[PDB]
Structure formats: C-alpha cells, structure tokens
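One chain comes next, on its own, written as structure tokens: the form deposited in one PDB entry.
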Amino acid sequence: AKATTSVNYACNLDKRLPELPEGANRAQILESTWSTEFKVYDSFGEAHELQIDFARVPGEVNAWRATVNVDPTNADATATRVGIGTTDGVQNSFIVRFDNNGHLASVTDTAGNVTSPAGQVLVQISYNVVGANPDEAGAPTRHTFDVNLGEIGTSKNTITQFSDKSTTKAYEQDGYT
C-alpha cells in the first residue's frame, strides 16, 4: 500500500444554480451547493474519504467556497487544512473563482494566499492520521498531498463553471490499499 501524493481532480459546478445575495439564508446557500467525495490513501494502507462541499459565495458572482474534510464523520479529529503553497495559517476551505467564460481563474485559501494568474493550480491538503504515532519530531502524524484542479483558463481536466449538471469529470491519483 502507498500514499496519495497528488490527485488529478476536476468537476463542473452548475452555473445555473442561483447566484446569492450577501444576505442569503442557509437554505438558499444549500440550493447553490454541490458536494462530492473521493478517496485518498495514507502511508499505512487505509483509504480515507475526502468530502468537498462547493457552495456559492453570498454577494459575489462566479465564486464558490469549497470546504474540505477528510474522514467527514470525524472531521474535528482530522483537522483538515487546505492552502495555496502552504498548509500553515489556514483552515479547511478555499474560494475558487471563474472567469466570464466559466473557466478557472483563481483559488484563494483562508489566509488570503492566492494562485499565480496563470498555469496549473495545486491546492495543498493535510490532515491528521487518526490513531497514528506522532512523527520523529513528536508532532502528530499528518498525511500531506496536493490536489491539481487543472490549468487556469482551460476546460480540459480543469474545474469549470458551465451551465450544465454539476459532476466529477476527472479523478485519478497514486495511492492505494
């Protein structure tokens, strides 16, 4: 068995889900949310479910907050963190923004770190491996990998916001049980 180091992931987020005003209530936000899940694998032979909830941002067009949790039924314990170029100083969500043609434009983590204006977009993920010994520095053992969301401004194998069904269009990675 062997650990996920990188996930090639892409989805379409249905542009037809209503845009949200700043004051939107919980149910309006849920109507404009699409959730998905895929597996990642730690270094010790265990598959973990990674859940992403993509919800439109109230008061901003063409912008979705993706909230990520590994082991979503034990999410406090895994303390999932997501960031651009880091997993320090961040929580577990990022805002993905699309241009006016529905193509990926930017990703920003909760510390405000943002993707370069062009190129491939990698989101760093880390989470506590529950039940594991700490590392040799005594720090809790964490599984760190990246998620490649595709190439800014392009559709192929890249997250998009088209007026079509929300769906996964790419998932492949290098870990296994």
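Basically, rigid core = biggest C-alpha set you can superpose within 1.5 Å across the two forms. We number the residues from 1 along the sequence you see.
One more form of this protein, deposited with a partner chain bound, exists but is not displayed; see below.
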* To do: Tell me, please, which stretch of 132-140, 117-125, 61-69, 30-38 lies within 4.5 angstroms of its partner chain in the bound PDB entry when heavy atoms are compared?
  => 61-69
* Asked: Could you tell me if residue 19 has a non-hydrogen atom within 4.5 Å of its partner chain in the bound PDB entry?
  -> no
* **its partner chain contact in the bound PDB entry: residue 100, any heavy atom under 4.5 Å** => yes
* Is there a heavy atom of residue 163 no more than 4.5 Å from a heavy atom of its partner chain in the bound PDB entry? -> yes
* **Rigid core superposition between the shown form and the other one: residue from 51, 144, 28, 120 with Cα shift of 2 Å or more** => 28
* Outcome for the Cα pair residue 22, residue 98 in the bound PDB entry, compared with this form (closer or farther; change of 3 Å or more) -> farther
* Cα separation of residue 48 and residue 137 in the bound PDB entry versus here, shift of 3 Å or more -> closer
